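Laid out below as structure tokens are two forms of one and the same protein chain, each shown alone and named structure 1 and structure 2.
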Structure 1
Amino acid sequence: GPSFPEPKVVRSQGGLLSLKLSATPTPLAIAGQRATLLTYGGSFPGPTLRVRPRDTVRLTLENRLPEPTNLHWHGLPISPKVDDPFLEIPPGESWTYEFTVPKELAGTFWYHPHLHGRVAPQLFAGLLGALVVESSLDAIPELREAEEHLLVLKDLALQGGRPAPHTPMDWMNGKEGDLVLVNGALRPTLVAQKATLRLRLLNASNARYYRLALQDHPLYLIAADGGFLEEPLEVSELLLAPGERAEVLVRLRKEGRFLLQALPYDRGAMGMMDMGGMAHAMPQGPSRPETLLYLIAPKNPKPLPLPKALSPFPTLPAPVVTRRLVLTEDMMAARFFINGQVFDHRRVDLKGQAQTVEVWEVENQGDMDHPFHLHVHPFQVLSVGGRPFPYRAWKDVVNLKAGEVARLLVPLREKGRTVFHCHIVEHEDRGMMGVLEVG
């Protein structure tokens, strides 16, 4: 096959993507070993769905798991009557999701389960895939002539040929695995044929962070979770928290081998120590550095010029309400809260008005990073930790380090009941989620 493994792509045909996927325990080869994972479409990751604005998507999910499951159309501004976080597909049953791709939309999105209390083991076991919305912007020469690849960043641990079970400590921290994979492959080699690469990046891990850095190279950020930036932004490194996506251009500078690494990052995960008083909780410290892939540059690379502009970000109406959402932890109980409460599917926490804009101030009063995800309604991050964001783009997950406040502009789009939650999925399962009703 191609030196660089990527998930099989399924494209809409004649404006329709009609597909049946089963969620099924699947024996497969992963990182040189045989394992049984939980997969969509018999693969890990699941197939990449590639669509255009205005396409119809008709996806029938068959549940061949021993427990209920569903799909969250993560990042898509569609109706929560379709992207329904309360829906349960029982074992053996099927459900058809049908929606139209919004007109003003582009980027890398993804699909995975969202059923309170069940997300972490299902996601960890392999139930995820990407969804790419292709834009007329892809046709500009600076993007069209780039070599494009999707990188699904997802770690795994195996025990007895199956995904390792969650320990109590995993429920507290969020589970990370020793197999740090790209598209299900262990440190693949990307032998570039063009001098400019266009990399779509997805963090589909339960809890692992990727402090991305390519040796000897900057990255040019061109899209965040849910759409293009207004112009490329040069960065020396790029942190992707669980649930986040980004697209970058890489301009290969000379011939050679360059490692794409996940540099050390301390997200505040904890262990337990008994030193004679004790036991108490003790910081794990920064993650060990990981090589994600080997990037081989072609001979005498001459990268394309960067596009001068991408997409103008919409001018939003003035906001009509400010919300404050405070995140806290009870680490030893592995319980997590928003404004002092755990999730209850019967309780509406926020009531907002469709087509108005809100300001959400999300404050992390815990000691570990918590990435915050809002379904259905993409937002503009204004600032985090008191620092203005250096670009405008749609996001649906925002990372908060201990103590930080994120200020978000939140246009409310589709009416209905939806959720917001921590995207360290264990924390969501263990209570850090609330309900938003838009009317």
Structure 2
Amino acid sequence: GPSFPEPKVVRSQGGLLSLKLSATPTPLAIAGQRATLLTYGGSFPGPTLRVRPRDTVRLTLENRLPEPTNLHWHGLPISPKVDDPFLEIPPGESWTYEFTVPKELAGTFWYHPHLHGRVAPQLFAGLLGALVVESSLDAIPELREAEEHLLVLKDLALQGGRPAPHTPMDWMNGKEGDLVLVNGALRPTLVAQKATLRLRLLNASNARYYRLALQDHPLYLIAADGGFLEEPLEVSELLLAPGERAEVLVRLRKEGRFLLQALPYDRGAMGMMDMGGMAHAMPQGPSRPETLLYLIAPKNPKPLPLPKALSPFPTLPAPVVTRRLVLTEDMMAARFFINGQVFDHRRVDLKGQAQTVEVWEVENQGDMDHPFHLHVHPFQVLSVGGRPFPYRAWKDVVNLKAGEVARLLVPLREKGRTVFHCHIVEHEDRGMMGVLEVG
């Protein structure tokens, strides 16, 4: 093991993972001063949980914060009476989450808070961690002998030894920070010992986007948010919006040292300037480039061949209803809407039936990018902007630029009441969420 850090791992044993985890304030040392964050298990990021299909999970959460909280199990297809967005745990009390892992699941998932009105300050302060589901496909020679790592992407900012407070502009644009970190560290070094790598990737930031590229190399895509592709797909760069995940293979062919970067991207945020003229002044424009890590290749590298096939994607029944959902903005007031209204936890917006399939059309009539998320029921993307999607795999977040319409196929699984919302989490707290009931 070189000198590259990753979070501590907890694994199942005899078919069961049973753990007591506390949410607490903690002092750390990360930039140049004393810093007290809010953490799970005393670390930033929290610990990684690792399981297999048909295992039982029993997680007891102990609240030692000065305000109430709960958990969302992002991407898991389980009952909404377990993954419950309306529950509240008071200061000083505990609650146990119990479920079984579904039979055909594989990939990278995560856990974080979801108490409406307080999501954005609690996630910015440090509360998140990863969950990994192993597969029988991981045994084939082209994956078994690769060098494997997890990369958690998240940014931060400090004031007076605490996380910086939210400002009026933050509720409008969403909050970014100046310290851009990997696995809790500023620009770490990875000294590789093999020529083929398998990297699992997670965007756990409040609002920042990452346009990823490795100097002098392409990337080979093998999984999306919620499962494997049908075969590997070669790309030259890869955009990841807040809440999305992916897995890739890298093939090193020459000695050297190579930068992994987040390249310039314009997500439509609005700026602060005063009367000084240019030729493009009012929006913020594209981001500045950032260096994520340094990657050093081994001596005389010889990479492995690619796998020929992965997992076939299932066929689904024909649909019986169509929905249309339109997103809009009021920027100076920082208020955000779905079909002309804001969230109300006592109102039901859609009613569907278990064991049927629906077509959902989601349209962006604003000027900013917005990334759309649905709880409990994963989906297949068919097209964006009237043009075809490039692969077949399970997803749970889809990005939309200004003007774009996405078409989705949605099979309805577990019964009960759940939600859908934007994952720029400041926009969720300020109105952009609604309610679905399945009977």
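The term rigid core refers to the maximal set of C-alpha atoms that superpose within 1.5 Å between the two forms. Residue indices: 1-based, along structure 1.
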Checklist outcome for this item: Just one entry of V51, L59, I30, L374 has its C-alpha move 2 Å or more between structure 1 and structure 2 under rigid core superposition, and it is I30
Checklist entry - Superposing on the rigid core, is the CA of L263 displaced by 2 Å or more between structure 1 and structure 2? => result no
Item to check | After fitting the core, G42 CA displacement of 2 Å or more between structure 1 and structure 2 | outcome: no
Next on the checklist: Superposing on the rigid core, I want to see if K81 changes position between structure 1 and structure 2 - specifically a Cα shift of 2 Å or more.
Outcome noted: no
Checklist entry - Hey, core superposed, how many Å does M282 shift at the CA between structure 1 and structure 2? => result 2.6
Checklist outcome for this item: With the core held fixed, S205 moves its Cα between structure 1 and structure 2 by a number of Å equal to 0.2
Checklist entry - How much does the C-alpha of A297 move between structure 1 and structure 2, in Å, when the core is lined up? => result 1.3
